[PDB]
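Shown next, in structure tokens, is the structure this report addresses.
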Amino acid sequence: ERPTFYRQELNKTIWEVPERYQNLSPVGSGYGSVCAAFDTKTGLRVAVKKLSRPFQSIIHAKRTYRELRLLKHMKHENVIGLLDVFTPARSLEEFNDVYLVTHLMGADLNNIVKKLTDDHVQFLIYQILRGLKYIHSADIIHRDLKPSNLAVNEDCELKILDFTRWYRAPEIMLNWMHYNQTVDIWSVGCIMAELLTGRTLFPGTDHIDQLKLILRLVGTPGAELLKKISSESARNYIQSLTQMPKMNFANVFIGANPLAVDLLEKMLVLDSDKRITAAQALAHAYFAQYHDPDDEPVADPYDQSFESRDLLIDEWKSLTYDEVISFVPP
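Throughout the sequence shown, residue numbering follows full-length UniProt numbering, covering 4 to 33, 35 to 118, 121 to 169, 185 to 351 in sequence.
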């Protein structure tokens, strides 16, 4: 059957939600407004996102669909999945609103700014890499992995949400075609380092500064990597720099578990053809207490062909309605 909905005004809008969701209290805005709610069916605290202006234009409509499609695909312990999706619309003609329901998450990893033991750093990073092994196995690159994108409960069980530039890979930061899923492995590098030391690894002021800080730690590109650069003016720029050598990570990460340091040298690599993958990082000696290769699962492959399509508003909208309708909860 259809649920019983109830209406009520908050965030200057009249929210219409199933009666199972109780006690809606706003928790932010700017895409759509979220409310914290109590789900009476499951006993869970949940976030209900009402999308704003979901079909106002073609870009709104396509993005509306891209969000719903993605969330529907993610079925993993360490990745934010979709608990429910609804509209008060009773047919496609009157379909103009969309609500997304996800697990209400406690802190993010910024909140865990204030220092972590090695065992706990292992546990947090291992969960990110497990989540990332899944995500990447479906051909999805997160692209903006950072502490504010990583939610943890009380027990520090970690989920990745949301698929600053302090954690962005330098090839993603610089518009370099030469990239890979391991752009996310760079972000994990910067995150693990900060968990280890208590400070941001590369707190640049602009993109130049950032790059300068990066190259100071990892070294200026060496001939092998220079050969992978097709722009001459890019190549000239790079070799016009004052040449920096690769610093020893042991002397940046003082007293850190030596396996953590070794691992950080494998992530914080400028050439992404050489950067360690999530799958490989899970097998690093450093996660010995948490690694189990028959419980680090992969994804069904994710169809993104829709991204190349030039469709009308109404067709992105019907396409979204189909995804709403066919949704089966966990």
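For every residue, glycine included, the Cβ atom is placed at its ideal position computed from N, Cα and C.
Which of helix, strand or coil DSSP assigns to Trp337: helix
Cβ neighbours of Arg23 in the same chain (closer than 8 angstroms, five flanking residues each side left out): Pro6, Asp43, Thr44 and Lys45
Candidates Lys79, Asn14, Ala41 and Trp18: closest to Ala320 by CA position: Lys79
Length of the line joining the Cα atoms of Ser61 and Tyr69: 12 angstroms
At least three beta-carbon pairs within less than 8 angstroms, the stretch 146–154 to the stretch 251–260: no
Where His228 sits in the DSSP three-state scheme: helix
Paired residues, beta bridge with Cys211 - DSSP: Looking at the DSSP assignment, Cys211 forms no beta bridge with any residue, so it has no partner.
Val349 burial status per 10 Å Cβ neighbour count (16 or more: buried): exposed
From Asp335, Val204 and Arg330, residue whose alpha carbon lies closest to that of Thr298: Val204
Contacting residues, own chain, Cβ-Cβ under 7 angstroms from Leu285 (five flanking each side not counted): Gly210, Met213, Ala214, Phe270 and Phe274
Identity of the residue in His305, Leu222, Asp294 and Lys233 nearest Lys248 by Cα: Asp294
Which of helix, strand or coil DSSP assigns to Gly276: coil
Under the three-state DSSP convention, the category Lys76 falls into: helix
Span separating the alpha-carbon of residue 119 from that of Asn114: In the model shown, the chain runs from 118 to 121 with nothing in between, leaving residue 119 without coordinates.
Residue environment, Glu245, which counts as buried when at least 16 other CB atoms sit within 10 Å: exposed
Local conformation of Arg49 per DSSP, three classes: strand
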